[PDB]
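Read through the structure below, which is laid out as structure tokens, and then see the notes.
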Amino acid sequence: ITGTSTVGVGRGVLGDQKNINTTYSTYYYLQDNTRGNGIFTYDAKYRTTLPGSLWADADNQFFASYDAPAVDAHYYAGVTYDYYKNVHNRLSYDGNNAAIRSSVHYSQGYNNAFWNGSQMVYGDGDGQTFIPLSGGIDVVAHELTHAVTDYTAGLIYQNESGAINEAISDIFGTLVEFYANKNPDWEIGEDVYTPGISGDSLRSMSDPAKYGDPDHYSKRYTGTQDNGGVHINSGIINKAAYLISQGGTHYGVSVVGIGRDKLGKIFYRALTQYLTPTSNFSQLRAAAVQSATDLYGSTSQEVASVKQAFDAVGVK
Ligand SMILES: [Ca+2]
Ligand SMILES: [Ca+2]
Ligand SMILES: [Ca+2]
Ligand SMILES: [Ca+2]
Ligand SMILES: [Zn+2]
């Protein structure tokens with residue numbers, strides 16, 4: 001909508017208070033004009049029609065329980081935008097400040113969230129498996145990252161290319177969580193997964209096998225479920241990324257860690273410069289090796305560590 005930029009205040013899914021950029025014109029809308037061509041958050045009203053209605057509020061205070069998923073979808077989209085801009089010099093998901101749209105209250109008791117090719121979409125969860133999913137900064141960044149991938153590598157969402165697609169979203173979802181520096185970790189979805197169980201998460205990058213996911217190519221899923229295991233076989237790439245950053249020993253192979261920032265630079269360059277729609281694990285290794293070579297030189301520690309990380313997870 002056309003209006004004036006304003007600043008509201010509210011509470012997120014975890015009950016934390018934060019300021020949000022809004023737009024005033026009769027109502028206060030969840031429309032942040034300070035980032036690119038804007039960040040727009042919508043109410044899906046428990047339906048599956050999209051996007052729903054642009055979120056409107058009478059007083060620019062967002063403290064109702066119904067408000068919480070919207071506050072976080074809006075705020076964390078902002079944080080993700082800032083990460084890509086400040087860290088990778090990327091302006092929104094298309095690199096040309098494309099408007100970012102999210103809908104919350106998607107369907108009834110919906111235990112998921114997704115990027116649909118045009119926007120992010122968040123369920124409220126059923127209160128057992130999930131609470132509203134936009135409450136997870138890694139979840140929001142994971143979904144927005146699918147948009148980045150769509151506009152760059154275009155990794156097909158099936159088999160190995162789909163597993164890379166998924167891992168890329170977990171990698172940058174995590175790097176965004178670290179960027180915001182609020183209880184950061186190498187787990188995925190811990191803030192919104194199973195309100196009844198402490199200490200768990202949907203996936204682990206540090207130890208994928210903790211939640212049933214492979215951490216070595218020899219243990220890769222070869223069947224047809226989950227689009228050829230896109231959220232399963234991502235564990236192999238997540239483990240490699242974790243190793244590149246943090247180092248360690250894994251199946252008797254030692255990796256010298258080079259830190260998160262360098263992990264981010266290498267994978268961002270791989271994604272935007274080398275990967276293709278049909279890239280497999282082997283091609284990701286090469287893309288990452290070449291990226292690290294461009295950035296730090298072929299004889300560098302960074303290149304050596306990428307090679308050791310892929311060695312450790314059995315990807316040549
Ligand atoms: Ca209000
Ligand atoms: Ca966390
Ligand atoms: Ca996390
Ligand atoms: Ca839990
Ligand atoms: Zn995903």
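Order of appearance sets the numbers: ligands from 1, and atoms from 1 within every ligand. If you read the sequence from its start, that first residue is 1, and numbering goes on from there. Because only heavy atoms are used, hydrogens play no part in the values below, and waters and symmetry mates are left out as well, while side chains stay in.
Salt bridge status for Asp72 with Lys18: present, with a side-chain N to carboxylate O gap under 4.0 Å. Salt bridge annotation for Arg11-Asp67: absent, with no cationic side-chain nitrogen under 4.0 angstrom from a carboxylate oxygen.
Put simply, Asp138 stays out of reach of the Ca ion (ligand 2), with no N, O or S atom under 3.0 Å from it. The nearest N, O or S atom of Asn60 is not closer to the Ca ion (ligand 1) than 3.0 Å. Not one N, O or S atom of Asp67 sits under 3.0 Å from the Ca ion (ligand 1).
Restricting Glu190 to its N, O or S atoms, the one at the least distance from the Ca ion (ligand 2) is OE2. Residue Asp59 approaches the Ca ion (ligand 1) most closely through its N/O/S atom OD1. Looking only at N/O/S atoms, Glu177 comes nearest to the Ca ion (ligand 2) through OE2. Looking only at its N/O/S atoms, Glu187 has O as the one nearest to the Ca ion (ligand 3). The Ca ion (ligand 2) lies closest to atom OD2 when only the N/O/S atoms of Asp185 are considered.
The aromatic ring centroids of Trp115 and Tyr157 lie 6.0 Å or more from each other.
Figure legend: cation-pi geometry between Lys316 and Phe310 absent, as NZ or CZ is not positioned both under 6.0 Å from the six-membered ring centre and within 45° of its axis.
Screening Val313, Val315, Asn159 for a side-chain contact (heavy atoms from CB on, under 4.5 Å) with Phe281, the sole residue that qualifies is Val315.
For the residue pair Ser5 and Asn33, a side-chain donor N or O sits within less than 3.5 Å of a side-chain acceptor on the partner.
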